[PDB]
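Below is one structure, written out as structure tokens; the observations come after it.
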Amino acid sequence: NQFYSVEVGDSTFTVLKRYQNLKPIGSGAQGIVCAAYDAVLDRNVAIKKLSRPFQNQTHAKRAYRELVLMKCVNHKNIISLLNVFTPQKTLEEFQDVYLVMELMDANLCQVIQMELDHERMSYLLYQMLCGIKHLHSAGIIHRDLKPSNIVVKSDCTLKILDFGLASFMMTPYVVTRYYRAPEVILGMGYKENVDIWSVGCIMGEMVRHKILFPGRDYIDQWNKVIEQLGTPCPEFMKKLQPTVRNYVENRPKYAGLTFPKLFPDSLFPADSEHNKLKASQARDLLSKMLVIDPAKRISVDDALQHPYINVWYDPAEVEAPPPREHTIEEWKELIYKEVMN
Ligand SMILES: O[C@H]1CC[C@H](Nc2ncc3nc(Nc4c(F)cc(F)cc4F)n([C@H]4CCOC4)c3n2)CC1
């Protein structure tokens, strides 16, 4: 057999023989993830197991789209695959997809919990921006960009793991909404700068060491947002569909708080004249990115030329060349066909 079977806690990993010394590093939604040594490449890898992803339209649509996009895109700030396999041999036997990529050191949650100098905080953000630039350059507007799905190496390098939104599921695990734009929360139209909102919830969180806009669902969460940023302006709501519009125009009012109040001097490496200039620079971007009305919110390319981010700029990283419903039966075939080719 090309394959061997280990009990990664509860479930069973049945992987190629090359992958030795498995250790559980990520349990979550579509997949269990393990770290491994790859004796063919002689490096460590992350290996994620899709357990029966055709089981429903949700798991399936994500699995397949992510499979599809994950082979067409070519950027170092966006996940690359090193290998994919099923240990089952026919479509009728088919069950599990295994997804293999470069092993990283930490996710962004863990990194957010740390004090970062400006050089790191900004280099991270420059990279989130390059990857989104890439996704956008191909027609993918992510819209659900969050730090539990972004990974980092000790040398401060970064990859985004997933490809965003296209949704019921019998589950323990809740979806994370906090980084979602007002357009997604209020079912609006949207454009490529919808992802900038997400980046600013991230940036803000790195500084604040607290989730900016938490909450139980879209009710608590729209609240947490207006009572910090203010009620939005008339012609923003002018773009809200009558029923959503009714609800918003009728919520309590707030003038909102200024950006030095939201992100006080306390929170910034601001000891030298360097970190003083960089601190005021960060807040200036923060306030261009935490902007409810997408019409007034900074673009991806403009943010890429903000002086806080501009120092890392590089054409090869920025202007890099770019690339329905089904039954469970039909998704299985779709997914099995991409896995095989
Ligand atoms: O405490 C530390 C946290 C970071 C961890 N390093 C790490 N490195 C690479 C990873 N790739 C994926 N997922 C994934 C994959 F494997 C293949 C894919 F096709 C797509 C993926 F999304 N994950 C998971 C684990 C948790 O965060 C996401 C990875 N985790 C080391 C331990």
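Residue numbering restarts at 1 in every chain; chains get A, B, ... in the order shown in the structure tokens, and ligands count up from 1 in that same order.
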
Residues near segment 187-190 of chain A, anyone? I mean within 9 Å using only C-alpha atoms, not counting same-chain ones fewer than 4 positions away, as a ChimeraX atom specification. /A:182-183,194,239-241,244,294

For residue 135 of chain A, work out the shell of residues within 12 Å, counting only C-alpha atoms and skipping chain neighbours fewer than 5 positions away, then give it as a ChimeraX atom specification. /A:69-70,72-79,128-130,140-143,145,160-164,192-193,195,300,318-323

Write the residues of the selection above to a file with N, CA, C and O atoms, as a short mmCIF file (atom, residue, chain, number, x, y, z; two decimals), in the first residue's frame.
data_model
loop_
_atom_site.label_atom_id
_atom_site.label_comp_id
_atom_site.auth_asym_id
_atom_site.auth_seq_id
_atom_site.Cartn_x
_atom_site.Cartn_y
_atom_site.Cartn_z
N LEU A 69 -10.15 27.20 -7.43
CA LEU A 69 -9.37 28.43 -7.35
C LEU A 69 -7.94 28.20 -6.90
O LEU A 69 -7.04 28.94 -7.29
N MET A 70 -7.73 27.15 -6.10
CA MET A 70 -6.47 26.87 -5.42
C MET A 70 -5.45 26.32 -6.35
O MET A 70 -4.31 26.13 -5.94
N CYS A 72 -5.52 27.54 -9.82
CA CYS A 72 -5.43 28.55 -10.86
C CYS A 72 -4.62 29.81 -10.49
O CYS A 72 -4.17 30.53 -11.40
N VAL A 73 -4.45 30.08 -9.19
CA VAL A 73 -3.84 31.32 -8.69
C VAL A 73 -2.35 31.17 -8.30
O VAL A 73 -1.95 30.16 -7.73
N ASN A 74 -1.52 32.18 -8.61
CA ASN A 74 -0.07 32.05 -8.36
C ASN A 74 0.63 33.22 -7.63
O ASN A 74 1.29 34.10 -8.25
N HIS A 75 0.51 33.22 -6.30
CA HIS A 75 1.03 34.32 -5.51
C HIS A 75 1.48 33.84 -4.16
O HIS A 75 0.84 32.99 -3.57
N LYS A 76 2.56 34.42 -3.65
CA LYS A 76 3.15 33.94 -2.37
C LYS A 76 2.41 34.36 -1.11
O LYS A 76 2.72 33.85 -0.04
N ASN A 77 1.50 35.32 -1.23
CA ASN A 77 0.65 35.70 -0.13
C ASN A 77 -0.69 34.93 -0.13
O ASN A 77 -1.54 35.16 0.70
N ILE A 78 -0.85 34.02 -1.09
CA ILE A 78 -2.05 33.18 -1.27
C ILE A 78 -1.57 31.73 -1.28
O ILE A 78 -0.55 31.40 -1.93
N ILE A 79 -2.27 30.91 -0.51
CA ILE A 79 -2.04 29.46 -0.40
C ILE A 79 -1.79 28.79 -1.72
O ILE A 79 -2.54 28.97 -2.66
N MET A 128 -1.12 41.06 3.37
CA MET A 128 -2.54 40.84 3.23
C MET A 128 -2.99 41.61 1.96
O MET A 128 -3.67 41.07 1.11
N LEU A 129 -2.57 42.85 1.83
CA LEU A 129 -2.95 43.70 0.64
C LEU A 129 -2.48 43.16 -0.71
O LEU A 129 -3.21 43.26 -1.72
N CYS A 130 -1.29 42.56 -0.75
CA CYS A 130 -0.81 41.95 -1.99
C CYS A 130 -1.63 40.75 -2.42
O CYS A 130 -1.90 40.55 -3.60
N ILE A 140 -11.78 37.31 -7.78
CA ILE A 140 -12.20 36.81 -6.48
C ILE A 140 -12.21 37.98 -5.48
O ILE A 140 -11.17 38.59 -5.19
N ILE A 141 -13.41 38.30 -5.02
CA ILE A 141 -13.60 39.24 -3.93
C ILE A 141 -13.91 38.33 -2.78
O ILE A 141 -14.85 37.57 -2.84
N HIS A 142 -13.07 38.37 -1.76
CA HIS A 142 -13.06 37.36 -0.72
C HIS A 142 -14.29 37.51 0.15
O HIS A 142 -15.10 36.57 0.29
N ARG A 143 -14.40 38.69 0.73
CA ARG A 143 -15.50 39.07 1.58
C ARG A 143 -15.60 38.39 2.95
O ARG A 143 -16.46 38.79 3.71
N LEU A 145 -12.59 37.54 4.83
CA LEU A 145 -11.21 37.53 5.24
C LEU A 145 -11.13 37.67 6.76
O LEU A 145 -11.64 38.65 7.30
N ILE A 160 -2.72 33.99 2.90
CA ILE A 160 -4.16 33.76 3.15
C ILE A 160 -4.59 32.34 2.69
O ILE A 160 -4.31 31.97 1.57
N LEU A 161 -5.30 31.60 3.57
CA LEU A 161 -5.62 30.18 3.36
C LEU A 161 -6.86 29.86 2.52
O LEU A 161 -6.95 28.78 1.92
N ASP A 162 -7.82 30.78 2.49
CA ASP A 162 -9.11 30.49 1.91
C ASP A 162 -9.50 31.55 0.91
O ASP A 162 -8.78 32.55 0.74
N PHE A 163 -10.65 31.36 0.27
CA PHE A 163 -11.00 32.15 -0.93
C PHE A 163 -12.37 32.85 -0.77
O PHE A 163 -12.92 33.42 -1.70
N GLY A 164 -12.91 32.81 0.43
CA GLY A 164 -14.10 33.60 0.69
C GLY A 164 -15.46 33.01 0.39
O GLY A 164 -15.63 31.79 0.27
N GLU A 192 -14.61 45.59 -4.93
CA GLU A 192 -13.37 45.00 -4.43
C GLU A 192 -12.89 45.57 -3.12
O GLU A 192 -12.22 44.87 -2.39
N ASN A 193 -13.24 46.83 -2.80
CA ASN A 193 -12.83 47.42 -1.51
C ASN A 193 -13.63 46.89 -0.30
O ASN A 193 -13.47 47.38 0.83
N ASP A 195 -13.10 44.12 0.99
CA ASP A 195 -12.03 43.41 1.71
C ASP A 195 -11.16 44.34 2.58
O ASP A 195 -10.73 43.93 3.67
N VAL A 300 -7.88 49.30 -2.46
CA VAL A 300 -6.73 48.42 -2.28
C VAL A 300 -5.43 49.05 -2.76
O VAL A 300 -4.42 48.98 -2.06
N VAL A 318 3.17 43.26 -6.21
CA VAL A 318 1.91 43.98 -6.38
C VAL A 318 1.31 43.76 -7.78
O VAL A 318 0.15 43.37 -7.89
N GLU A 319 2.09 43.99 -8.83
CA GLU A 319 1.57 43.83 -10.20
C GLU A 319 1.92 42.48 -10.82
O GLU A 319 2.18 42.39 -12.02
N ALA A 320 1.90 41.44 -9.99
CA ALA A 320 2.11 40.05 -10.42
C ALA A 320 1.08 39.61 -11.47
O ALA A 320 -0.09 40.02 -11.40
N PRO A 321 1.51 38.79 -12.45
CA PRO A 321 0.56 38.33 -13.46
C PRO A 321 -0.59 37.55 -12.81
O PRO A 321 -0.34 36.70 -11.95
N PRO A 322 -1.84 37.89 -13.17
CA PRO A 322 -2.99 37.12 -12.71
C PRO A 322 -3.09 35.80 -13.48
O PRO A 322 -2.57 35.71 -14.60
N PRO A 323 -3.76 34.78 -12.90
CA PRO A 323 -4.01 33.47 -13.52
C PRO A 323 -3.94 33.46 -15.06
O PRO A 323 -4.86 33.95 -15.73
#

May I ask you to write as a ChimeraX atom specification all residues lying at most 8 Å from ligand 1, with only C-alpha atoms and all ligand atoms counted? /A:25-27,33-35,45-48,70,79-81,98-107,110,148-152,161-162

Residues just named, written with N, CA, C and O atoms as a CSV table (one decimal), in the first residue's frame:
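Done, and the output landed in selection_25.csv:
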chain,number,residue,atom,x,y,z
A,25,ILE,N,-2.7,20.0,14.5
A,25,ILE,CA,-2.4,21.5,14.6
A,25,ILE,C,-3.6,22.4,14.3
A,25,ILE,O,-3.6,23.6,14.6
A,26,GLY,N,-4.6,21.8,13.6
A,26,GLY,CA,-5.9,22.6,13.4
A,26,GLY,C,-7.2,21.8,13.2
A,26,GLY,O,-7.4,21.2,12.1
A,27,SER,N,-8.0,21.7,14.2
A,27,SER,CA,-9.4,21.2,14.1
A,27,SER,C,-10.4,22.3,13.9
A,27,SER,O,-10.3,23.3,14.6
A,33,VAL,N,-6.6,19.5,10.4
A,33,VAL,CA,-5.3,19.7,9.9
A,33,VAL,C,-4.2,19.1,10.8
A,33,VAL,O,-4.4,19.1,12.0
A,34,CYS,N,-3.2,18.5,10.2
A,34,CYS,CA,-2.0,17.9,10.9
A,34,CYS,C,-0.7,18.5,10.3
A,34,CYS,O,-0.7,18.9,9.1
A,35,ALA,N,0.3,18.5,11.1
A,35,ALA,CA,1.7,18.8,10.7
A,35,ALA,C,2.3,17.5,10.4
A,35,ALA,O,2.0,16.5,11.0
A,45,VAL,N,5.1,20.1,6.5
A,45,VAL,CA,4.0,20.4,5.7
A,45,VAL,C,2.8,20.5,6.6
A,45,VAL,O,2.8,19.9,7.7
A,46,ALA,N,1.8,21.2,6.1
A,46,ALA,CA,0.4,21.1,6.7
A,46,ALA,C,-0.4,20.3,5.8
A,46,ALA,O,-0.4,20.4,4.5
A,47,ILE,N,-1.2,19.3,6.4
A,47,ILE,CA,-2.0,18.4,5.7
A,47,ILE,C,-3.4,18.4,6.3
A,47,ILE,O,-3.7,18.1,7.5
A,48,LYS,N,-4.4,18.8,5.4
A,48,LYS,CA,-5.8,19.0,5.8
A,48,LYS,C,-6.6,17.9,5.1
A,48,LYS,O,-6.6,17.8,3.9
A,70,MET,N,-7.7,27.2,-6.1
A,70,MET,CA,-6.5,26.9,-5.4
A,70,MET,C,-5.4,26.3,-6.4
A,70,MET,O,-4.3,26.1,-5.9
A,79,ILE,N,-2.3,30.9,-0.5
A,79,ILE,CA,-2.0,29.5,-0.4
A,79,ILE,C,-1.8,28.8,-1.7
A,79,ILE,O,-2.5,29.0,-2.7
A,80,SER,N,-0.7,28.0,-1.7
A,80,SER,CA,-0.3,27.1,-2.9
A,80,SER,C,-0.4,25.7,-2.4
A,80,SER,O,-0.1,25.5,-1.2
A,81,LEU,N,-0.8,24.8,-3.2
A,81,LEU,CA,-0.8,23.4,-2.9
A,81,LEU,C,0.4,22.7,-3.4
A,81,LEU,O,0.9,23.0,-4.5
A,98,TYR,N,-7.4,15.0,0.8
A,98,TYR,CA,-6.2,15.4,1.7
A,98,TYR,C,-5.5,16.5,1.0
A,98,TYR,O,-5.1,16.4,-0.2
A,99,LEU,N,-5.3,17.6,1.7
A,99,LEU,CA,-4.8,18.9,1.1
A,99,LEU,C,-3.5,19.2,1.8
A,99,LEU,O,-3.5,19.3,3.0
A,100,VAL,N,-2.4,19.4,1.0
A,100,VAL,CA,-1.1,19.5,1.5
A,100,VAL,C,-0.4,20.8,1.1
A,100,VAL,O,-0.3,21.1,-0.2
A,101,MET,N,0.1,21.5,2.1
A,101,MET,CA,0.8,22.8,1.8
A,101,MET,C,2.0,23.0,2.7
A,101,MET,O,2.1,22.3,3.8
A,102,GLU,N,2.8,24.0,2.4
A,102,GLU,CA,3.9,24.4,3.2
A,102,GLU,C,3.4,24.6,4.7
A,102,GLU,O,2.4,25.2,4.9
A,103,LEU,N,4.2,24.1,5.6
A,103,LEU,CA,3.9,24.2,7.0
A,103,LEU,C,4.3,25.6,7.5
A,103,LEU,O,5.4,26.1,7.2
A,104,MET,N,3.4,26.3,8.2
A,104,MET,CA,3.7,27.6,8.9
A,104,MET,C,3.7,27.5,10.4
A,104,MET,O,3.3,26.5,11.0
A,105,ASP,N,4.1,28.6,11.0
A,105,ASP,CA,4.4,28.6,12.4
A,105,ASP,C,3.3,29.0,13.3
A,105,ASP,O,3.1,28.5,14.5
A,106,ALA,N,2.4,29.9,12.8
A,106,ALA,CA,1.3,30.5,13.6
A,106,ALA,C,0.3,31.0,12.7
A,106,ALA,O,0.5,31.5,11.5
A,107,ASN,N,-0.9,31.1,13.2
A,107,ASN,CA,-2.0,31.8,12.5
A,107,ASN,C,-2.0,33.3,13.0
A,107,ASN,O,-1.2,33.7,13.8
A,110,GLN,N,-3.0,34.2,17.0
A,110,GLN,CA,-1.8,34.2,17.8
A,110,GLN,C,-0.9,35.4,17.6
A,110,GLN,O,-0.4,36.0,18.6
A,148,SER,N,-8.1,33.8,11.6
A,148,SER,CA,-8.0,32.3,11.9
A,148,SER,C,-7.7,31.6,10.6
A,148,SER,O,-7.3,30.4,10.7
A,149,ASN,N,-7.9,32.2,9.5
A,149,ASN,CA,-7.5,31.7,8.1
A,149,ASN,C,-6.4,32.4,7.4
A,149,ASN,O,-6.3,32.3,6.2
A,150,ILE,N,-5.5,33.0,8.1
A,150,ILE,CA,-4.3,33.6,7.6
A,150,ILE,C,-3.1,33.1,8.4
A,150,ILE,O,-3.2,32.9,9.6
A,151,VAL,N,-2.0,32.7,7.7
A,151,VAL,CA,-0.9,32.1,8.4
A,151,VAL,C,0.4,32.9,8.2
A,151,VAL,O,0.6,33.5,7.1
A,152,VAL,N,1.3,32.8,9.2
A,152,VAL,CA,2.6,33.4,9.3
A,152,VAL,C,3.8,32.6,9.6
A,152,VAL,O,3.7,31.6,10.4
A,161,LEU,N,-5.3,31.6,3.6
A,161,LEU,CA,-5.6,30.2,3.4
A,161,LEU,C,-6.9,29.9,2.5
A,161,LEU,O,-6.9,28.8,1.9
A,162,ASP,N,-7.8,30.8,2.5
A,162,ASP,CA,-9.1,30.5,1.9
A,162,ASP,C,-9.5,31.6,0.9
A,162,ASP,O,-8.8,32.5,0.7

DSSP on the backbone: what in segment 69-222 of chain A comes out helix (DSSP H, G or I), as a PyMOL selection string? chain A and resi 69-72+108-112+118-137+147-149+182-185+194-208+218-222

Excluding same-chain residues fewer than 2 positions from segment 249-255 of chain A, what lies within 7 Å of it counting only C-alpha atoms, as a list in words?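 Here the answer would be residues 226, 227, 230, 231, 245, 246, 247 and 257 of chain A.
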
Nearest residue to residue 88 of chain A out of A:304, A:263, A:336, A:317, using only C-alpha atoms? A:336

Mind checking which residues fall within 8 Å of residue 126 of chain A, counting only C-alpha atoms, ignoring those fewer than 6 positions away in the same chain, and posting them as a list in words? residues 304, 309, 312 and 313 of chain A
